[PDB]
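Asks: piece number one of the complex, untouched:
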Amino acid sequence: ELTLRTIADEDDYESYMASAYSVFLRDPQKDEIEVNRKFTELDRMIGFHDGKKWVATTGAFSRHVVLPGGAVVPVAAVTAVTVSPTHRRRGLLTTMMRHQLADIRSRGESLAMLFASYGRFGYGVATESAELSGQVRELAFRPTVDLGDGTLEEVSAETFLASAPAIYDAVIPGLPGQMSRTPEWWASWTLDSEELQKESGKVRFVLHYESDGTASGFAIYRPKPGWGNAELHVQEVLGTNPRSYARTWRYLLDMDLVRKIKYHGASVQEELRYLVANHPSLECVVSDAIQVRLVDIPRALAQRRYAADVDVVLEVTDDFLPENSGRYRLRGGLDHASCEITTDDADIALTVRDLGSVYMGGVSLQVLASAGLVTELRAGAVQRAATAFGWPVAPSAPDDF
């Protein structure tokens, strides 16, 4: 009765997306569906169709993510994973996962990434995000923070998109977890969506210029006028130097009529948290961001760099895809990494899910071992491997997908 297949045409695409919104209790957002189509590859959007409607969906975008060390590697940005409530408990999700994970491997993508909404398929939470909020009048900076001689203006979307991509491209190599943005992805990220207009207001754009005129920072925010307490909902703030970063935030914090500010999806180590003189005034709520599924374990482990030297043997168990199970020797450091099968004694035993959780440096392997989820087989091995899998810059959430 059910057929697993890819999207065939534009009408089929809109019906596919409508079903995915419908499972999540929402009407289809036509503006987001239209803009996201520009970077959608129909042959990566699979699902089950019963002859009259889509009953399950699973798709992926071809993206590139910054790894610890600065390498930018292809990644399957998994999206639109739904099973209709009428078609649950029929194995449809397992079938789509097996098909998609094989398809991802064939495209040379060493890992998949998914926004938390899956551990039994090998996905593990690898990065977190922080919701930062507080009263703007309480958010003065420490007295040593240099705001610089820069200036800034509120600009149109077209003016914003002529300067923001170069700023973004310049800063992301040092921010693992961030993803490359083509003009098509910028169009989705900057869309004045009707859904977000209901929650706050129309999207606004800010550019920070140095004294010589060069653009060195930007901000994307939406105002929420007082409905009683006006709020500013920040979508993104980035700068190419600490002065443009601090000055841009100072602009948002000193805006008249504003009482509260909210930044959802910030880094757990967002620089703003340390610029604020009184930390309690900026509430920080930490939650899951990205889940990682390692698809090619040796290549993924050899593609990132490590915070310190490591020479560890990992006994990796992959329950969902047993072909990936094996004993790998990881030799890595700041400027080198290799991973290959070995018959030497294993130092650590862990599942591919937990290996994925530590892969981006956002989850400590030592805490997983203390929790009993990872087993140390030889003394001192977990401690050194945990530091190596870490990174001085915490991973952060990419733009939504």
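Replies: All right, it came through fine. Numbering: from 1, shown residues only, chains lettered A, B, ... in the order given.
Asks: so residue A:75 touches residue A:67, yeah?
Replies: No. With contact defined as C-beta atoms under 8 Å, residue A:75 does not reach residue A:67; the gap is 9.4 Å. From N, CA and C alone the C-beta is placed, and that goes for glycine too.
Asks: shared neighbours of the two, anything?
Replies: Common contacts of residue A:75 and residue A:67, defined by C-beta atoms under 8 Å, 6 or more residues apart in numbering, are absent altogether.
Asks: domain ranges for chain A, per the record?
Replies: Listed by curated CATH domains, the domain ranges of chain A are A:1-126+A:289-293, A:127-288, A:294-392.
Asks: so the residue nearest to residue A:58 when sequence neighbours are not counted, which of the three states?
Replies: Of all residues not flanking residue A:58 in the chain, residue A:96 sits nearest, at 4.2 Å (C-beta to C-beta, 6 or more residues apart in numbering). The three-state assignment at residue A:96 reads helix, by DSSP: H, G, I helix; E, B strand; the rest coil.
Asks: repeat for residue A:368
Replies: Classified using three-state DSSP, residue A:368 is helix.
Asks: any idea how far residue A:124 is from it?
Replies: According to C-beta to C-beta, to the nearest Å, residue A:368 and residue A:124 sit 10 Å apart.
Asks: so what sits against both of these two?
Replies: A:354, A:357.
Asks: how many residues are close by residue A:183?
Replies: Residue A:183: 10 surrounding residues under other C-beta atoms under 10 Å.
Asks: now swap in residue A:375 and tell me
Replies: Neighbours of residue A:375 (other C-beta under 10 Å): 13.
Asks: and if you look at residue A:174?
Replies: 12.
Asks: for residue A:270, same thing?
Replies: 20.
Asks: which ones are touching it?
Replies: A:130, A:132, A:263, A:396.
Asks: the first one contacts residue A:268, doesn't it?
Replies: Yes. The pair residue A:130 and residue A:268 passes the contact test of C-beta under 8 Å, sitting 4.7 Å apart.
Asks: more neighbours: those two, which one.
Replies: residue A:130 (25 against 19).
Asks: state the distance from that one to residue A:262.
Replies: For residue A:130, the distance to residue A:262 - C-beta to C-beta - is 11 Å.
Asks: chain B next, sequence below:
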Amino acid sequence: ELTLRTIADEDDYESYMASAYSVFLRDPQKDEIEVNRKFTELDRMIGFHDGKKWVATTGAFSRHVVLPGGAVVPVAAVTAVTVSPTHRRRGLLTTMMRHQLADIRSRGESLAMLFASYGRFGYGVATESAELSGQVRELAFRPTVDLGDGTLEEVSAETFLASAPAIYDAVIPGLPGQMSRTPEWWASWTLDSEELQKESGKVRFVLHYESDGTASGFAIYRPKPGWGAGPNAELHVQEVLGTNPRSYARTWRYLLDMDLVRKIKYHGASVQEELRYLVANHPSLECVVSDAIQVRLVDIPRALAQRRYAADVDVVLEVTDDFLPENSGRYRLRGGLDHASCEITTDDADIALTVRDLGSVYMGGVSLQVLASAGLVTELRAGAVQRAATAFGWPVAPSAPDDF
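Replies: If we add chain B to the chains shown above, we get the following:
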């Protein structure tokens, strides 16, 4: 008119403490005042007295803290820092700070620690805590979590104190930021304080026993019965510790599976509390992160040499101490998992930072790289901050000790 002196006798102690509570808009808590006196040294409690009232206070307890690597070192646990609202802008706080930090130095303590309620005195936030909360029915664990074959009992404070110290002593060498607990400190930590009873209920104690009878875990918690409409009874957890992963998981499972309970709250948990990773559905366990402990380095080279470092490091730090300029200097830190030395050097400096920011990274709870990217710390030679930031880190996040 004002005199800077220490506490003289018992009546002076109660007037001193009543003044400190009054500054914080509270009535003096006599049960807390009585039990904390047992570990209070009157000559470490200073303040300003106007002839009839204490108008400012500042104290310290002689404690010992676990550092990254497991070393336990003497520490000044600073407490009861108040200035009367009628005596602000007189300079009393700076004067008390200068006296106390000098006294800490002459006592040979390499650092002071203070609960966040000061940056200009050298204190920097070095550890955070997490308030973990959620609906207990949503807090199932991952399926691979072994709960073991242990059993649990709810016990009196006396029976609890006959087993909890040995469990605590065995676990803390791996939890930097925790402090040694004498019987006197256990008595304050386990006090059924009236103020906490009003927020929830009478304190309860749980012991977890292995299958052979060995006490391997404990929990301190208070019930908050439902007050709606609808059921909404809460458990307020004060501490949970176990000597192995099964005892820890089984103790939490005991609290989470208790009937009548709807919500659980654990204030002052670690930001890397193992519970956060046992839970199958992370979003069900809300995590709010806030400042916990501020560190003031008093003996910079000794403090840096007393801890161990997550990886090898050889870095020269140009440190500026505005409040105590005698600590400013250029120090070469050679550290690792198995060694640590810090000393005056004449080599070129790699990093420039203040003593406050150095204290902030001292426990591995704050990344030196983020402070640099924020513009608060200056990298003088390329690649130095990244290696130093990794070394100042630690695979186990620092956590808040028992309150002081």
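Asks: try the neighbour count of residue A:375 again now we have chain B.
Replies: Residue A:375: 14 surrounding residues under other C-beta atoms under 10 Å in any protein chain shown.
Asks: identify the residue spatially nearest to it, adjacent ones excluded.
Replies: The shortest distance from residue A:375 to any residue other than its chain neighbours is 4.4 Å, reached at residue A:349 (C-beta to C-beta, 6 or more residues apart in numbering or on different chains).
Asks: likewise residue A:19?
Replies: Excluding the flanking residues, the one nearest residue A:19 by C-beta to C-beta, 6+ apart is residue A:54, at 4.1 Å.
Asks: tell me the phi and psi of that neighbour?
Replies: Backbone geometry at residue A:54, expressed as degrees, to the nearest 10, gives phi -70, psi 130.
Asks: which strand residues sit across from the residue nearest to residue A:375 in the sheet?
Replies: Residue A:349 has the following beta-bridge partners by DSSP bridges: residue A:315, residue A:375.
Asks: which single residue of the stretch 201-350 of chain A approaches chain B most closely?
Replies: Relative to chain B, the nearest point of the stretch 201-350 of chain A is residue A:242 (3.0 Å; C-beta to the nearest C-beta).
Asks: re earlier: wait, what's in contact with the residue nearest to residue A:375?
Replies: A:314, A:315, A:317, A:374, A:375, A:377 (C-beta atoms under 8 Å, 6 or more residues apart in numbering or on different chains).
Asks: and the gap between it and residue A:317?
Replies: Counting by C-beta to C-beta, the gap from residue A:349 to residue A:317 is 7 Å.
Asks: check residue A:117 too.
Replies: 25 Å.
Asks: who has more neighbours out of these two?
Replies: With neighbours defined as other C-beta under 10 Å, residue A:117 and residue A:317 compare such that residue A:317 has more, 15 against 10.
Asks: which residues touch that one?
Replies: Contact partners of residue A:317, counting by C-beta under 8 Å, 6+ apart, are A:325, A:349, A:350, A:351, A:352.
Asks: which residue is the nearest non-sequential neighbour of the third one?
Replies: Right, the one you point to is residue A:350. Leaving aside its sequence neighbours, residue A:350 sits nearest to residue A:374 (C-beta to C-beta, 6+ apart; 4.4 Å).
Asks: and that neighbour, how many residues sit next to it?
Replies: 24.
Asks: isn't it up against residue A:365?
Replies: Yes. Counting by C-beta under 8 Å, residue A:374 does reach residue A:365; the two are 6.3 Å apart.
Asks: put this one in as chain C:
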Amino acid sequence: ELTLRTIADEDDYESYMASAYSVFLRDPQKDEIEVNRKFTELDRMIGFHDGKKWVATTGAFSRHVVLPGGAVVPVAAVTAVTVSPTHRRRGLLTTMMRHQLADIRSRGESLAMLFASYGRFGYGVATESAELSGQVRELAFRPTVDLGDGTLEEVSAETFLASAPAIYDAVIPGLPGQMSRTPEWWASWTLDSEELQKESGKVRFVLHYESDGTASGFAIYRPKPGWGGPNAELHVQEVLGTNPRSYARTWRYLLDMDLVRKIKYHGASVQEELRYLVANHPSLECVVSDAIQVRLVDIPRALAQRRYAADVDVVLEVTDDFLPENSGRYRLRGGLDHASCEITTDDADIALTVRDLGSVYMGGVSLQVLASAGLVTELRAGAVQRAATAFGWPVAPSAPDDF
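Replies: Okay, chain C now, added to the rest:
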């Protein structure tokens, strides 16, 4: 200055309807006004007109109601009763009530029914409804509840209307108070009204099928996505099934839906079967309120059209203050298989008003409780005890689709 008249044409209909919504502080719902027109008889919609606006309204739909015992009788479904705030305290309502009640009698309808928003006109609350709600994760069923081997589909309104009427028609004979639904009434009941979209979302339709393919259950519900912690809701409009498995399985489908936290079923029966499937009753909150008010227009006929839970031979001294011609001393003899009622000169057993007689007429209000409260008088010992049991019914009356 004011003229009592019926709706004349279509423009007069939209003005009439817009007047009623405005009295109730709402803008005219054009989608509802259009669909309800298809079953509206203009000669049954009366009101006062001052020459330029409608100042008071009162209407009735020609419907049919299931009585205790399964009999389907004509009933006046009174609707759109409004008096403009500027024209209150002028007797306009009493006048319309007197005209409508006489009109209902001439049309052969033994009784009238009205949703509670009137006791002085003879209307008495006869049926209650329950708002059931709770956290879906706490609403597991008792372990013995058989869900069967059926399946479900979420379908379009047209596919829904090709199966739901037959299911509904098979179930209602056991549910006194439900009303027959023509295709026109189904069109209103299943309208994706913009009013309810604002409160939750677009209406959805579920069909439950047996293993052989036959449709045996249905559900009408609307989602309310999270607007906060999570708090997505389902607003259930109706769930019915032709057997216990289809009914339980359909509720299970709504209760086990991902992302949902809380469910609400407004206008359910006070004895809704769901209340007893739930293993932990306190998790399903039950708020009971007025639903349907009954005005008996032809007393002897209405008493003879229903059946009675047990044998009864009682003489009722009925007082109708608003319509004194209905007052009389009636001997009611009835049971499960018979019912008769006529004037008698024998000694009266019970003295009650027509308002209270309508309150007990559907078996939803106990005649014994009204007697203990002092509203009804027992004249001969033991009479109320048996009459109360007979007027009752093993299945509580329930609210029909809204009118």
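Asks: take the neighbour count of residue A:375 again, chain C included.
Replies: For residue A:375, the count of nearby residues is 14 (other C-beta under 10 Å).
Asks: over to residue A:378?
Replies: A count of nearby residues for residue A:378, using other C-beta under 10 Å, gives 12.
Asks: who are the contact partners of it?
Replies: Neighbouring residues of residue A:378 by C-beta under 8 Å, 6+ apart: A:345, A:346, A:347.
Asks: let me know the closest of these to chain C.
Replies: Nearest to chain C among these, with distances taken as C-beta to the nearest C-beta, is residue A:346, at 38.5 Å.
Asks: and for that closest one, the neighbour number?
Replies: 20.
Asks: turn the contacts of residue A:378 into JSON lines, columns for distance to chain C.
Replies: Formatted as JSON lines, those follow (distance: C-beta to the nearest C-beta, whole Å):
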{"residue": "A:345", "distance to chain C": "44"}
{"residue": "A:346", "distance to chain C": "38"}
{"residue": "A:347", "distance to chain C": "40"}
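Asks: near chain C, which residues of chain A?
Replies: With the criterion set to C-beta under 8 Å from any C-beta of the partner chain, chain A comes near chain C through A:23, A:24, A:25, A:26, A:27, A:84, A:85, A:86, A:88.
Asks: give the buried subset of those as a ChimeraX selection command.
Replies: The ChimeraX command for the buried members of those (criterion: 16 or more other C-beta atoms under 10 Å in any protein chain shown) is given here:
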select /A:23,24,25,26,84,85,86,88
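Asks: ok, which pair from the residues of chain A next to chain C is furthest apart?
Replies: Largest separation among the residues of chain A next to chain C by C-beta to C-beta: A:27 and A:88, giving 21.8 Å.
Asks: give me every residue that touches the nearest residue to residue A:218 once chain neighbours are set aside.
Replies: Counting by C-beta to C-beta, 6+ apart, residue A:218 lies nearest to residue A:164, which is 4.5 Å off, once chain neighbours are set aside. Each residue near residue A:164 by C-beta under 8 Å, 6+ apart is listed here: A:186, A:205, A:207, A:215, A:218.
Asks: which of these has the most neighbours?
Replies: Of the contacts of residue A:164, with other C-beta under 10 Å as the count, residue A:218 tops at 25 neighbours.
Asks: so that one is in contact with residue A:160, correct?
Replies: Yes. Using C-beta under 8 Å, residue A:218 makes contact with residue A:160 at a distance of 6.7 Å.
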